[PDB]
Each structure stands twice: as structure tokens, then as C-alpha cells.
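Listed next as C-alpha cells: two forms of one protein chain, kept apart as structure 1 and structure 2.
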Structure 1
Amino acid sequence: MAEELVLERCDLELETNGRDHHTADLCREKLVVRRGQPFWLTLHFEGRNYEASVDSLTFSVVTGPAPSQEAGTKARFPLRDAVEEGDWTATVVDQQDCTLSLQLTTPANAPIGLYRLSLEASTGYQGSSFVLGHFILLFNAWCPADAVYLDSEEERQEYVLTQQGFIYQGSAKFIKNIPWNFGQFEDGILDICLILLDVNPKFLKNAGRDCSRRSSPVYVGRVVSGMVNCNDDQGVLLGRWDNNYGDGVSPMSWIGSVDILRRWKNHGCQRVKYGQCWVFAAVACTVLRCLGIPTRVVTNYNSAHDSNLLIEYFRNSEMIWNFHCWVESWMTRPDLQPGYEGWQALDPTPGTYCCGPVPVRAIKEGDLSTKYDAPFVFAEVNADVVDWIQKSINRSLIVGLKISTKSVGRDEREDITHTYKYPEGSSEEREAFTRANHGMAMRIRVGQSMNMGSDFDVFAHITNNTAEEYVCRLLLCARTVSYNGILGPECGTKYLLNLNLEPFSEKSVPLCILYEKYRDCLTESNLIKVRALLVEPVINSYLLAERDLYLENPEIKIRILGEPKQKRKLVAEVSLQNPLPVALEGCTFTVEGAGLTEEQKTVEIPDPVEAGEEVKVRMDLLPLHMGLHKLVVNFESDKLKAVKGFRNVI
């Protein structure tokens, strides 16, 4: 006899839900709730109320464009007293005259996103399915069973609910706290974040699978990361670092994420102008916090001291900056080995999805095979630099300084450097350097000898003594250097982007030093400083090698014409061979030496001397005494001055 039920309306209970699910701000118009936790609907009925003996109620939920039960994006479940742990359930908690209070639970591993809720009221012989409305399901750091679980309320407040923090800029020794409006709970943001997901490459590739996988805070974090700065047009931000931001808004101008998200949407999801590391991280932080993943912005600082070849190498992507900001998020990592639950580093700055998430403990341990993108993060806080100048650690460049983040629930900076790096020179810091960078050595060489005037080769002689092939970058350059420390213009430069070093091998990499280059930029030193920088860019380890080079003057040949008796009868033969490729003008000798002459014989030359063309002169000597005697010569030219020489006699 019993008639089917007619729903008057469905109360979403936005207040008590917003309160219990910590989504009070996101529940202005619409129900948003977190997973793994009961929420409340109240059915108002027109006429007869629910009677458990008569009516059988089923609910259906779908999320995304291709829901399926196997993928977790669809679920059907009854209304009944027995409530299973970790499943989609609905049960009654109150029943008055007209109303029926329901309590719904979602799995703690339920996919996040927008859901359509349907009800099927079957009364005896009949039934009628229809839509109730929509709830949005978020990540739940309060839920012990959730992967993003976080056991400290103060931390939950900080890394999820707090909508302002500090982003640290400046330098290692002058840190500045810049305040920031994350505004993850402002009008529109939640929807815009949801859009960001539904435009992501993996969603286009396979929308159904994508929505399924948004159960994983790893997956979402990875997706949240590479979408803030995409190489696509769909990405949120456009980077620019050349103080030329007149086209759009200046990276330094922004004080919040919110306005960037809106601009991006309101203009067909097109790159906002412009951003830099810390703007990307803030945007990622906002998006992540909004979706319920505990997140924070961090700043790592670097410092570089003395035109050291490193500074030169960079002065003219994966480079070394004054500082760099990325985000860390909080989740378990059952995709990895045990014990990597906790902070995971994510880098939304330039799978296209890079970088992360990767455990921060994996970086400190140097377990660089841990997914995702461990070497890239490791590179951001580790640079090994070594000199040779005949090993000798160089400190012209320090990376991994004062890694900083806002302290929990206070207007203060928290130094988190210890989480990334072991103490310098510790058993652990070395133990971990090993695990990372599983004999490599380089020097400068000349081979044949060097003459002022002549062109000649210098070699970066690199030796892979180990069993591992490396792919290195090589800068090999030469400048003139002064007796009193100054450095002159370039007189030889060879850059090599790709230099492979096959195991247990060597290379001698030539650079040509041309007269034409050095000749007019030289000083009386005759000093060329050759310098090789060898970059292994994966580990971010460097080998420096430098060597100074003296361009010797041409020898003066001296011969003893006559006989060596303790009497007289001697003559001098003194020759120089011009080593230049040019007319050597206004040539003269001087010769003298006590015991051989008492008349310094200056002889001038009217004939300019050519390249290779030598120049002999003569002088008559009247020796006097018996013992050892040394003749002494000087030579002068227009463009070649003060070349000496001597010769012993008896």
C-alpha cells in the first residue's frame, strides 16, 4: 500500500560541515568536505517520512568525465546502520517528523575533486533516482588514515589553514622576510585549482585515469608542480629576469597568489606576467594548501666570492643564483621504500613535470635514485669545487646556506638547513656524498716549448681514472696576467658543451694560443694564465685547473772566435734569431765584460730584420788574465727590448 517518497529538499549543513571539516571559508555557497571523515546531510520530505521497514535508499557518487567503480571515481552505497570502516557509507543519525539526518563517510584514499551526489528511493515495488547536489572532496591532514596526515594541530593550522606567511629573499647574510597572501580560501581559488587539474597534460592524455589518480598527494603534488610553470600556454606563470617587466606586472610587485590565479583564468588560462622562483613556489603553495596538502615555501641561499672562472663561466637554466625558492609538502610515500614519509620537495620553477616530489631525507642521504628528480634537488644545495695549480678544496662558491621557512604559528624564520645537509666534514655528510656521486683529475699541459712570437697549443689534460663514464662541460681559456696581479683581455677560448670521458681513459684537449691574439695585449711579464673549468652538471661538482705560462725571449748565441791561451787574440760572435713574423726595426747590440774588454762595444744595425732572418755582429776582444771570465750581451729593438745573454770563457 505504501507510496514512494518525494524529496522536498536536501540541506547540505554548510555550517557544521565547514566547522568539522575545517573548510568554513570554502562553505559559503557550496559543500566542501575533507576525505576520511563523516559529514552531514538532512533530507526534508514532502509527506510520509523514511521508514526503514518500507523504503530502501541507495546513493551514487561520480567524479570526473569518465567515472568507473574500479577506478574509485564512482561508488554506490546503501542507507543502513552497519557502517564499514574506510568505505563509502550512509547511515541515519536523526529522524524527526519530516526530516532524516544522514551521515556520509568517504575513504581516506578517495580521489579528491568535484562529485555529483544522486539518491535512489525504492519503496516496495518501485523506485526513483535523482540528483541531490554536489560536494567537493579535499585532502584531510586531520584524518589518521589519510596519506597527508599530520599529527600536530599547530602544524595543520600553519601548513594548511593559515593564508599568510613569509617568503624569504635577499642573501645569506642579509635575509629579508617578505609577507605573502596565499589566500587559498578566497572566492574562486578552489574552483580555479580544480580547473588547473582538469587542464593538466595527464588529464588530456587520459581523463578517467587522471581523476582516479588524484587520490595520491604524490600524484597531485607532481601535477600541481609542472603546471605553475608549464612550457605550454596552459601554465600559470611566465618567468622573466631582465628588469624588463613593462609588458605586465613585476615579480617583486606581487604580494599574493590570488590575483595571479584569477588573471590566469580570467584570460583563458594564459601565462600571467611575470614570475620568479618565489612567485612560482607561493602559487604552488596556495594551490597545494587549497587542496589540503600541508605545504610551505622555502628559500635556499648561495654565495659566490672572487672574476673567478666559475663567475666567468656564468657571467657569460640549471645555473647558480643568489637564492632559489621551492615548496615542500607533507605526505607518506608508499610508492617508495619505507621511511620516506614526511616532507617532499617540489620545484615549480623551470615528464615535463619537474621537479618532484622527492623526500627531503633522500637528498640529505644522497639516495639520488629516489623518485622524483632527486639529482635536480641535490644540485640545488650541493656543489663540490676543487682546485689544482702545481686537490685543494675551493670556497669561492658556497651552495646550501640558511635554507629557511616560516616557523609554525609565529612571525619568525626557521632554519631548516639540517634537513637537507649533514654537518660539513661529518661521517654522514661524506657517507651520503658517496651514495650520491658513486679518480677524476685534470691539469694544464704545453708539451713542446713556447717562444714569444710563435703560436702554440695548450692542453686540458683530463684523466678519468675511475670506471664511470662522465658527461662534462669544459671551458678552457687564456688571458694575459701581470707581474703585479692584473688580468688582461682574452687570447684564446674554447667551450665544449658535450665532453664524454669513456671509462679508464684520458683526453688532452687543445686550445691554440695565437701571436695575433696575445702579442698586442701582453705586458713585460710575457705571462699567459691558462685556466680550465670542468663541470659535471648532474652532481654539480667542479674541477678547476690553472697554470701560468712564460713566453721566453730568443736566445743570444755567443761563440769564441780565437784561442783560449792566457795571452791575446780573441773575437766575439753574437747572434740572435728573430722569432716574430714581422719587421724587427732599429736593432742594436751591446757587449761588455771585464777581463775580455774594457770598451763596451755598441754596434748599430741599419738593416731592418725580418721574420726568421737572424742577425750576426762581431767584436774584437783583448783578454788579459787567465781565470774564468764571462762576456755579457744585451739586445734592443723597436718592438723587442732587453733580451740578455752571456757566455763563459776559460
Structure 2
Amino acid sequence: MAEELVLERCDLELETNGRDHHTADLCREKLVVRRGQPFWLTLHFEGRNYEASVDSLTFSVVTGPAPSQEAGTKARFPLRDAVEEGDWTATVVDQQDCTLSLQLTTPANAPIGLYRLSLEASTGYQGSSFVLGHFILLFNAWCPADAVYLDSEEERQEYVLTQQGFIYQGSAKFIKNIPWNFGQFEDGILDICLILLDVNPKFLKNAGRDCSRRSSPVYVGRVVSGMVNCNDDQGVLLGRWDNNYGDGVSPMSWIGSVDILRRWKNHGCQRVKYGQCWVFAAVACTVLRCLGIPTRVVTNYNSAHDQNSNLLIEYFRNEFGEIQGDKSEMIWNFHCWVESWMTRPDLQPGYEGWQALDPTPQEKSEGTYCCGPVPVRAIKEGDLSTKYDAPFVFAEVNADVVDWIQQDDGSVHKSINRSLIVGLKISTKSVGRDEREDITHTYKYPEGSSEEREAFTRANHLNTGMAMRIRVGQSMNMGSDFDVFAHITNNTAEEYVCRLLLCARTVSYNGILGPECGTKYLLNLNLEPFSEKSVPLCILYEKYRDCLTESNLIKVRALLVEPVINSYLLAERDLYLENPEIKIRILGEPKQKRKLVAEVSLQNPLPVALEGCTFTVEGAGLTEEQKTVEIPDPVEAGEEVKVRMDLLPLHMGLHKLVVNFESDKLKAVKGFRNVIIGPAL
């Protein structure tokens, strides 16, 4: 006669399992593990240890609201000597005293999510059942059987574990790297991501089906990308582009994904006020990285966006080169999306790798929606039949622009524009370093190459001796007066008298032109034979301050007209006005669970004073909460603003401290500092 087995306590070995499963930061009060990999379990009994002869143990796991084995959401498996032939297995590793050391294995295609683990202990016809605990199962980039497997440890670290990174903005001529705190492993973020999955429309429709289809990185990526902005009602972010963000946080102000997700969850999942394309991409990247899908934020300069996948874009301009069309959509200065790493069994073989996910809703036949995961290689090959919006992503980097100047007869003359090529300087943060990696080659083959022609035919694409370009003498700062030049080259014997029209206007990052901040018109301009000419245009801070966006972008337009042959030359350039540098000083010795002081300062570059000055500091591993300091007194024209923020780093290793500066006339100024936290000792 055998006494019933009595479970004192079940230990889920958070420390060891977190270290093995690369989820150590995630393992706070719950257990977090990655699928396709075994994890330790320890059972403590009072009185007697488990008897293989007299005791029978079966484990059960459930994840959905409607768990099913068929759907893959529920599994029951028995204790065994060696690993058995089954997706879910439990095997004895060691037995000592009253403790049983087990290893539990999950299939590499198990659906991700929160699971309840139950044990049915049957002893001599008397059956009892316990709930051992809960655990969250995530995608495993380390597991070769997993669809998201990455062979390189460096890439796994960068695309899954690294909580800070860069978003590339500015201009193609002047690329800017904005620090961002993804903070995927910050407190509560994993639960918020699970809520984001649980409140998505497909879950509302079926729930059991949605939880079952969470086994797929494609499905989860699509759901998350839609949830960021596209989903009405339960969307994470609300997008605004008119430069009026007073009632919310301006899109440029954000320094991390964490605050956005926290505001969204804390307010009953109402859309957090004001984000733009890079904000959508950054939040999506945070969610995917938290879920274990390797993801990176990507920036494309001169992006042909919201053109309904049109590969030939035509603009009709007046005598000054101004684009007349009220219908037409401008070429974005830059557009951001994400790339996620996965196999694609739903497609023909050979399309595993980076998949482009654009969480910014785009106009399409059948409505406005984000563009689902499409293999980047398919876009490169021109294989637009490939599933999930290959035509839109392809148009993004390969569209052609034709510029027309309208005649007095009502006819249009095609101008020569060599300044503009769409799909420029596609950039992403490099692996394990702060340098920028150019990934344009992944999207497109070299121009005028055999492969390019090959791809264009598969994509059914295949579309006076004077030159002009816009020149910047040197870097120009926000708040100052500077000159730009129209540089004309006449490499011909002819002498020309031409028309030069120069217009400088403030512009948003998505191409919305504001009023002109500088103009010069020269009706009779002599261009000597075999010579060059520089015509200056003066841009004044007073002229651009009122309508300048937080992107600090100004567009320069030059139209050169040669009347005799009636030839039109067009040159356009986007200028980025440099913000003042934020000086960061780290005071004390950076050690875990020890006080650290960050001194942040900047010098006012404006001729006028600054009011409402605020410093905001954020950083996963450096501070648990965002920190804000307001400077009560105004900062006059030449003075410096300096404040000290107290930080309590809770994690060892390298972390990036992200800083934002806000003021009435100087907004969204960014700074960052790499801080390595040593052992507490």
C-alpha cells in the first residue's frame, strides 16, 4: 500500500533557465523560455521521493482560452527515462533526497504565449492533480529547428537581445542616427505584448484559431504590424502629420518604445497620441524582439511611399519648378519599416531570411493597410508575385520619377533631373557596433547591371551638356543663417543666357512642403563656355523658424532654363539643420545596484531665449523609469542648460542612455551615451 505523492513546492529554476534560454532579464516573477529547447524543473516532495515502480506522472500544458491538442495549444505527455518521440517531453535528469530534477522540452514550432503547466500524479489507483505554475514560451533564434533560427550569435544578440539602437533620419546627403530605447525586456513589456496579441482582431474573431496560429513568425509579425497603427479602436499609436502635436507627445519627442506601450496599456489600450512611421517601426521592433523574432528597423531615403505601388510617378510643375498637383503624393525624404528573420514555408523554397514589414498604413486597392511580410530577396529579384505586398515594397525602392514643366501652349516639357533617385542609402544599425550598415544592396542590384535588367523584366518594370546640383558649403546648424548654392556646369563650347529659379522651403520628413524660406530669381544668367557658376541662396533663421518641423529639413529647388533649345534642368536637395550637441557626463563608478549620476547639458544655438526647457532620460538597464527634469528659468541666447539626473542601474553590461531635450523654440534634441555597468561586488 503506497502513500500518495505530495508536492511541497515546485521550483521553475528561473536563474538557470533564464541564463540558458537568454531570457534572464525577462525572468522576474514568472518563467520565460524559448521553444525547441529543454528547461529545468525541480519538484519537491514531503515524506517520499518519486517511485518509478509505484508512481505515475503525466504533465499537461495549455495556452489558449480554448486549448486543443489538434490546434497545438494543449499537450499531455508522461514522465520518462530517456527523451521520447514526441513534441512535448518530460524526463528525469536527477533524483536526490525528496527532490526530482526534470527537463521539459517543447516543440520548435510550439505556439508562443503564456502556458499553464499541470501535473497529474497517480499513485496506486488514487489520482491527484496540481498546477505547478505558468511559463511564457517565445520564439527561439538559438534553436536550429525553429523557423527564426540565426546561425550567428552576434546577430542573435543584436536582433533579439539588444535593447537600444539607432533609427536613421535626416537626409540621404546627411544621414542622422537617432538613439532609441527599444526596452523589450523592461518591466511589464512582455505582458503588454501578450495583451497586444490577445486584443488583436483575429483573436476577437476566433481566439482558439489565433492562439494556434501563433506558432508562425509570419502570423505573429503580421498581427503585430497591424496592431501598431492600422488597427482602429485597439491600435497602439495614432498618427498625426500636420505639425500640431500640442495635445499629445510629438512623434519626434519619443526616445523609446517603452513609454508608448505603457501609456497604451495603462489607458485601456487607447491609441497613444502621435507617432509617425519610424515610431511605428520602433514599437513593432520592440514587440517582435520581446517575442523572440529577430527584427531590425530599416530606413529608406527618397522613399516612394503611398503611391499605390505606381512605378512611374509624374509631377507637373510651373515656370518656377513648383509642383502644381494638389492630387499628387510627394516622395518621402525617408520612410521606415522593419525586417524580421524567418523561414517562409508558405512560399516557394529559397525565400527564407529577412522579411520586410511596413507597419505604416498605405493606400491600396481595397483600402489603407500595412504591407505584410515580403522576402527582401524577392523584392531584389523583382519577383512581385511573392506573397504579402511585394509590389508596394518594390515601388518603395524602385519607382521612377518624371518631372514636367508646363508650357504656355498647355503642353509639358520633360526636364532633366539627376539629383533624385528613389531608394537611397537604405540603412540599419550594424551588428554589435554603433556604426551604420548600408543594406541597399540587399534590396536592389547595381544599376545598369545584368541582374538589374533581369529583375526588372520579371517585375515588368523596364523604364544639353549642362548639369546642375545643389551644394552646401559645410554643415549648417539649426538657429543660424547659412548659404546654399546652385552649381551649374557648362562643359560645352556654347555660351548660354538662362533662367535660374531658386526656392527654399521648409518641408516635413514625409514631403509636405511649407512656405518658402528663401528665393532668388535670375532671368538673364550668363553661363560661359567650358565653365562653372555658383549662385548663392541665403537661408535665414528668421525665415525658416516659424514653419520648420522637428525633422529640421529644408528643401532647396533649382530650375535652370535654356530658352534657345527650351531645355529644363532640375536640381533638388534636402538639408538637415544640425541640432546642438547634448553633452553627457557620467559621475561615480558605474556599478550594478549603485547610484549613478548623469549630467546633461547643451548650449542654446538660437538668437532668442529658450523657455520650458526639459530634459528626459531613458535607458533599459540604467533606469527603471523614465526621468524628467524641468528648468524653471529661461535659457538666454548664449547660455548653457545643465542638469543632473540620478540613476540606479539594475543590470550589468553595456546599456545606452538616451536623452531628449524639449523647449518652446528648440524641440526634440537628441543625445546618447554608452554606459557599461560593472559587477556590484
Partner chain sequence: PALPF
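All residue numbers here follow the sequence of structure 1, with the first residue given the number 1. Between two forms, the rigid core is the largest collection of C-alphas that superpose within 1.5 Å.
Remark: the form solved without its partner chain is the source of structure 2; structure 1 originates elsewhere. When the two forms are superposed on their rigid core between structure 1 and structure 2, the C-alpha shift of 2 Å or more among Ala362, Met227, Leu576, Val298 belongs solely to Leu576. Here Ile444 counts as shifted, since its C-alpha moves by at least 2 Å between structure 1 and structure 2 after the core is aligned.
A movement of the C-alpha atom of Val617 reaching 2 angstroms or beyond is seen between structure 1 and structure 2 when the two forms are aligned on their rigid core. Superposition on the rigid core between structure 1 and structure 2 places the CA atom of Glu502 2 Å or more away from its counterpart. Relative to the superposed rigid core, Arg80 shifts its CA by 0.5 Å between structure 1 and structure 2. In this core superposition, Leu397 moves its Cα by 3.8 Å between structure 1 and structure 2. Superposing the rigid core and comparing between structure 1 and structure 2 gives a CA shift of 81.9 Å at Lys557.
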